[PDB]
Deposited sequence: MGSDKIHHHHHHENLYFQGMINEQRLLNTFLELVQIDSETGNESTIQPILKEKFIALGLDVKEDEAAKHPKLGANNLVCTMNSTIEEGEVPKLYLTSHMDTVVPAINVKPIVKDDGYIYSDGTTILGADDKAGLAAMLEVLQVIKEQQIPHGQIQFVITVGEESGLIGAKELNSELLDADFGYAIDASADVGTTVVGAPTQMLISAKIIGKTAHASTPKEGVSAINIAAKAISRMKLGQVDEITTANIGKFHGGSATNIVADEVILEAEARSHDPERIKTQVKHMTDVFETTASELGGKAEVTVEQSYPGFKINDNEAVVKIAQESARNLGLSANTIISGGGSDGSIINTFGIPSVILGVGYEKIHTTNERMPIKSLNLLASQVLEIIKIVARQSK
């Protein structure tokens, strides 16, 4: 075929053996920079390292057009979740790459990086004509898309592109994603001895009553909410005067997320006030939602590339975020390609070899389709 399977596997295995836990990207980043320079790209850094939760700058690597056709970008993230120091990957007879059980594999997202490096090597050695391609390697994706948020957008020059970073089968494309917001609550009551409970106001009882009347779980077909953490109270014989709650909400409609966050806020505040306490609520947007139209070129090209390789060509809506959630806010239409990694963020993480081969073949195919528009 086109891609070198043996080389792609070796690249992937090399990459997972470079320690890059999120916020500690300073080892992997110079190595990736030098690899993309070695492949003939002009590699530029932004100033993301200045952020105190990030260990190196983002990389924006540009390959000149050798044809005019559309300007493409591709993105993967160089960081992994914890624990991912000294990953010892094992290729098995079942056709899956595993960790040894002591770490994550870091297929999320070094499969995406291995796929990008293999494709450039294939393009070089076969002189495949192509348009302009940007390879955007981010830091801190696993700390809440922080590299993407600190990205110098003037370094980008693209009509559309692809985040190689969806939890879906290879050939499935994520065409929309939700807005996510964090909602935290501090519920204050009044301390008393537990024998004289009329002298106090229990923040545990207020928080429990609030939660019991709150729209939570699958709030509707396109909206979710979850209380992740509930902590409060020091002793059985004391009326609890403080509870801390940490929650989230997600929706694919911006008006529904607004209503849901206001709802949670108001339920906490008015339940606490009714029972003689008070609620301090604070909110933070993690990322904004998007939906790319089904007839946009970026979608149809993704689908054609899947069809050409005998894959589903399905388009789905994700339950969460990626760097494409942020890059979409720059006005560059972006969809998220299935990588086919499994059990990510756990020490059982694994990568099917056939999926790595197809992903690499798909990214090549996308570049060729864009090159013939």
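- By the record, the deposited chain contains unmodelled runs at 1 to 18, 86 to 88, 395 to 396, with no C-alpha atoms placed there.
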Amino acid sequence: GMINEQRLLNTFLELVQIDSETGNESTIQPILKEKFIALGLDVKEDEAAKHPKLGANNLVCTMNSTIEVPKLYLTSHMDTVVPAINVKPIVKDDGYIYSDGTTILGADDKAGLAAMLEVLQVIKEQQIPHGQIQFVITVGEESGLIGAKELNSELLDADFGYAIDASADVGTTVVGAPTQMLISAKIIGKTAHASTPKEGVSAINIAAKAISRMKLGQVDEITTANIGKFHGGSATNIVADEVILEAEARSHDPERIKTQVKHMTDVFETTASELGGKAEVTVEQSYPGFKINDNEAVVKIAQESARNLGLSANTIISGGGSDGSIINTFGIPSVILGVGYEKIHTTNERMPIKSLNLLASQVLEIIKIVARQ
From here on, numbers count along this sequence of modelled residues.
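- For the pair 152 to 160 and 237 to 245, the mean Cα B-factor is higher in 152 to 160.
- When the two stretches 21 to 29 and 352 to 360 are set side by side, the higher mean Cα temperature factor goes to 21 to 29.
- Across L74, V91, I257, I204, the entry's maximum B-factor at the CA atom is seen for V91.
- You'll see in the entry that, of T103, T223, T173, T265, the Cα B factor peaks at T103.
- The PDB entry assigns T80 a C-alpha temperature factor belonging to the middle third of its chain's modelled residues.
- When all modelled residues of the chain are sorted by CA temperature factor, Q134 is found within the middle third.
- Placement of the Cα temperature factor of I146 within the chain: highest third of the modelled residues, per the deposited record.
- In this PDB entry, the Cα temperature factor of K124 sits in the top third of its chain's modelled residues, the highest group.
- Sort the modelled residues of the chain by CA B factor and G321 lands in the middle third.
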